[PDB]
Amino acid sequence: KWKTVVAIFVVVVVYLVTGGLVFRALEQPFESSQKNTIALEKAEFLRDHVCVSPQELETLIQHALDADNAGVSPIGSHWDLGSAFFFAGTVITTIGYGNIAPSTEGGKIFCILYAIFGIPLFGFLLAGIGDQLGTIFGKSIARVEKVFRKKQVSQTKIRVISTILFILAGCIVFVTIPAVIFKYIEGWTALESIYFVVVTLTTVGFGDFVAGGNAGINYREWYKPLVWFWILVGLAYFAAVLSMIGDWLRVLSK
Amino acid sequence: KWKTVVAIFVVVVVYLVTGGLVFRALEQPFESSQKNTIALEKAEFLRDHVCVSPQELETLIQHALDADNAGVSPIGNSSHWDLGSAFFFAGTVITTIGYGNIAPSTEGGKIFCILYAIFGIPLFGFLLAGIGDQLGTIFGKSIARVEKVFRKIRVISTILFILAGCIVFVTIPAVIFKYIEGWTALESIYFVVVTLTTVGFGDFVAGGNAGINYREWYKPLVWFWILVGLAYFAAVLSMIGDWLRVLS
Ligand SMILES: [K+]
Ligand SMILES: [K+]
Ligand SMILES: [K+]
Ligand SMILES: [K+]
């Protein structure tokens, strides 16, 4: 119904206006801070180095940015058999970190066709893992559900206890335990690790934090595909969690 | 069934190995080219400018990168967190596109983004399902008018919907982004596909240029296109999924 479509639209538009105001309240002071810091650092380089013109400076910065955009650090491979495999995975899962992206015209063309047919192909694997996890957790939850049924507990509370039991159990295995590993391996903060997990498993994938992206960290070859395996089982868990939040939002709608 | 789950896994693993080899065949020679280009550009700067030491060169390059990571161009008044630009950022999280050209740098901004995504993505799901049902009624009533003419079929209707929607949601907006943002014909189509599949690399982001001073009607209209375009692409990717299930 169009009447209900307009209602959800008004809620979403308000939710975005609200979100945007909270984000600028938390981010605009830091943005202004970095805007002034680069203004000062560029101005002090032209003071200290008189043999450098303001135009020659901008040309160098542009050359450094062009290199960084291409996935090459302008300080001091991303397409190796393993790193390219994980890139492909990032496209198929719709995460799209963008820390690396195709620069070649042909690379962009192949990326279009690869995503179009690859994303539905993953959909089957994600639905398959989703059904398997629903059988593993489903059998474990039923064992607990039978215990409360004997205790004359209401059908309401049992379903509530089960929903909190599944979320809490999976949150340990797919969110907490991997974030502890990323905090130690990648060397991020407790917040930045949880932030990476949520941003990854929601398929948002900003690319500010990417597992196995540090030049200084020389971790073994098994880490990159193991991260992709965590993603595979973690996306199925998060899909169920986001579906339950949707289900609870439908309850609040009625 | 687990027997079919392992089968799809083997297909996906092969598809990734294949994909990775095609991507490196197209990208690794250019990567090596840019690796040598920055090496020579830095070496030429230190030759032409003797008053600059190799240490103070890396320090500025580092300062420039730090600024770019924070979403501030180290080139050359404009903001990324203004009422309108922050609204589009919120939209990017909710649609799961996540361009990442801008992302929260604050610990609090990161905390709020976790909660915002968790409750916001399902909220969008309803709006996307609602637009999906409405488009299915608009395109469904228009296809039935043509279907009645030939009766006096399902394959002919699928080709008609894909071609019609591809003009309205992919072709026409790509032409606008090529003129407004100033991208190539390829880069505009590439941006549209990367955006409407919710991949969102962030290499190309509408309303991201510092030099381009587009009005307050540009940034929200882009999200309005994202809103109706995601519903179209969701149906297209569902049909490709349906077609693959037939081949299975
Ligand atoms: K990104
Ligand atoms: K994404
Ligand atoms: K992304
Ligand atoms: K996505």
# chains A, B, ... in the order shown; residues from 1 in each chain; ligands from 1
>>> residues_near_ligand(ligand="ligand 1", cutoff="7 Å", atoms="only C-alpha atoms and all ligand atoms", output="PyMOL selection string")
(chain A and resi 96-99+205-207) or (chain B and resi 98-101+200-202)
>>> select_by_dssp(residues="range 22-238 of chain B", states="helix (DSSP H, G or I)", output="PyMOL selection string")
chain B and resi 22-48+54-69+83-94+107-151+154-180+185-196+218-238
>>> residues_near_ligand(ligand="ligand 3", cutoff="12 Å", atoms="only C-alpha atoms and all ligand atoms", output="PyMOL selection string")
(chain A and resi 90-101+199-210) or (chain B and resi 92-103+194-205)
>>> residues_around(residues="range 30-46 of chain B", least_positions_apart="4", cutoff="9 Å", atoms="only C-alpha atoms", output="JSON, numbers by chain")
{"A": [56, 60, 63, 64, 66, 67, 70, 71, 72, 73, 74, 76, 77, 78, 79, 103, 104], "B": [26, 50, 51, 52, 53, 54, 57]}
>>> residues_around(residues="residue 230 in chain A", least_positions_apart="2", cutoff="12 Å", atoms="only C-alpha atoms", output="list in words")
residues 129, 173, 174, 175, 177, 178, 179, 181, 182, 197, 200, 201, 211, 223, 224, 225, 226, 227, 228, 232, 233, 234, 235, 236, 237 and 238 of chain A
>>> write_last_selection(atoms="N, CA and C atoms", output="compact mmCIF listing (two decimals), in the first residue's frame")
# COMPACT_ATOMS: atom_id res chain seq x y z
N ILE A 129 24.43 -21.30 4.42
CA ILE A 129 25.09 -21.17 5.72
C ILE A 129 24.03 -20.75 6.75
N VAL A 173 30.75 -15.54 19.68
CA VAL A 173 31.42 -16.31 18.63
C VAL A 173 31.78 -15.46 17.39
N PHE A 174 30.85 -14.63 16.88
CA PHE A 174 31.05 -13.87 15.64
C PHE A 174 31.49 -12.40 15.83
N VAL A 175 31.24 -11.78 16.99
CA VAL A 175 31.60 -10.37 17.20
C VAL A 175 32.74 -10.23 18.22
N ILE A 177 34.80 -12.63 20.18
CA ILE A 177 36.02 -13.43 19.96
C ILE A 177 36.84 -12.88 18.76
N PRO A 178 36.27 -12.64 17.53
CA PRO A 178 37.09 -12.11 16.43
C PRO A 178 37.66 -10.71 16.71
N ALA A 179 36.91 -9.83 17.41
CA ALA A 179 37.36 -8.48 17.77
C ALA A 179 38.57 -8.52 18.71
N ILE A 181 40.82 -10.99 18.65
CA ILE A 181 41.88 -11.44 17.74
C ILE A 181 42.38 -10.24 16.89
N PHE A 182 41.46 -9.42 16.34
CA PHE A 182 41.81 -8.24 15.53
C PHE A 182 42.53 -7.17 16.36
N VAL A 197 34.13 -4.92 12.92
CA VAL A 197 33.27 -6.11 12.87
C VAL A 197 31.86 -5.71 12.39
N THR A 200 31.85 -4.30 8.79
CA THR A 200 32.09 -5.42 7.87
C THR A 200 30.83 -6.30 7.72
N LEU A 201 30.30 -6.83 8.84
CA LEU A 201 29.19 -7.77 8.85
C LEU A 201 27.82 -7.14 8.49
N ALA A 211 41.07 -5.69 7.69
CA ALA A 211 41.91 -6.75 8.25
C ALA A 211 42.95 -7.19 7.23
N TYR A 223 45.94 -16.03 7.35
CA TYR A 223 45.13 -15.00 8.00
C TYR A 223 44.07 -14.38 7.08
N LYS A 224 44.46 -13.94 5.85
CA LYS A 224 43.56 -13.31 4.88
C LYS A 224 42.35 -14.22 4.49
N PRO A 225 42.51 -15.52 4.09
CA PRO A 225 41.31 -16.32 3.76
C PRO A 225 40.50 -16.71 5.00
N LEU A 226 41.15 -16.80 6.19
CA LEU A 226 40.48 -17.12 7.47
C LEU A 226 39.54 -15.98 7.89
N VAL A 227 39.93 -14.73 7.57
CA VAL A 227 39.15 -13.51 7.82
C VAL A 227 37.90 -13.57 6.93
N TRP A 228 38.09 -14.00 5.65
CA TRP A 228 37.02 -14.17 4.66
C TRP A 228 36.06 -15.30 5.09
N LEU A 232 32.11 -15.02 5.95
CA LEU A 232 31.14 -15.96 5.39
C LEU A 232 30.09 -16.41 6.42
N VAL A 233 30.53 -16.86 7.62
CA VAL A 233 29.64 -17.34 8.68
C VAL A 233 29.04 -16.16 9.50
N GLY A 234 29.79 -15.06 9.62
CA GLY A 234 29.38 -13.86 10.34
C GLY A 234 28.29 -13.06 9.66
N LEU A 235 28.30 -13.03 8.30
CA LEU A 235 27.29 -12.32 7.50
C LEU A 235 25.93 -12.99 7.65
N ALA A 236 25.92 -14.34 7.73
CA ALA A 236 24.71 -15.14 7.92
C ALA A 236 24.10 -14.87 9.30
N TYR A 237 24.96 -14.71 10.33
CA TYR A 237 24.53 -14.41 11.70
C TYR A 237 23.93 -13.00 11.77
N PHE A 238 24.65 -12.00 11.21
CA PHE A 238 24.23 -10.61 11.19
C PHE A 238 22.96 -10.40 10.36
>>> atom_distance(atom1="CA of residue 3 in chain B", atom2="CA of residue 123 in chain A")
16.9 Å
>>> residues_around(residues="range 21-32 of chain A", least_positions_apart="4", cutoff="7 Å", atoms="only C-alpha atoms", output="MDAnalysis selection string")
(chainID A and resid 17 36) or (chainID B and resid 70 81:83 86 104:106 108:109)
>>> write_last_selection(atoms="N, CA and C atoms", output="short mmCIF file (atom, residue, chain, number, x, y, z; two decimals), in the first residue's frame")
data_model
loop_
_atom_site.label_atom_id
_atom_site.label_comp_id
_atom_site.auth_asym_id
_atom_site.auth_seq_id
_atom_site.Cartn_x
_atom_site.Cartn_y
_atom_site.Cartn_z
N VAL A 17 17.79 12.84 8.92
CA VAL A 17 17.99 14.23 9.38
C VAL A 17 18.56 14.18 10.81
N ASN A 36 42.39 22.88 9.64
CA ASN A 36 43.32 23.88 10.13
C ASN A 36 44.74 23.32 10.23
N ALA B 70 41.16 11.78 7.09
CA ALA B 70 40.17 12.49 7.90
C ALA B 70 39.06 13.14 7.04
N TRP B 81 30.37 17.48 6.73
CA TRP B 81 29.44 17.23 7.82
C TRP B 81 28.36 18.31 7.93
N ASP B 82 28.11 19.09 6.85
CA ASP B 82 27.05 20.09 6.85
C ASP B 82 25.69 19.38 6.81
N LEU B 83 24.62 20.03 7.31
CA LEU B 83 23.24 19.52 7.39
C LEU B 83 22.86 18.56 6.23
N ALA B 86 25.87 15.53 5.73
CA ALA B 86 25.79 14.58 6.85
C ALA B 86 24.56 13.69 6.68
N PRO B 104 33.28 8.04 10.29
CA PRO B 104 33.52 8.66 11.60
C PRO B 104 34.94 8.43 12.14
N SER B 105 35.61 9.54 12.53
CA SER B 105 36.96 9.55 13.09
C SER B 105 36.92 9.57 14.63
N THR B 106 35.87 10.18 15.20
CA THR B 106 35.62 10.29 16.64
C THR B 106 35.21 8.93 17.21
N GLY B 108 33.21 8.47 19.71
CA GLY B 108 31.77 8.61 19.87
C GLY B 108 31.03 8.45 18.56
N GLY B 109 31.58 9.06 17.50
CA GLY B 109 31.07 8.97 16.14
C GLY B 109 31.05 7.53 15.64
#
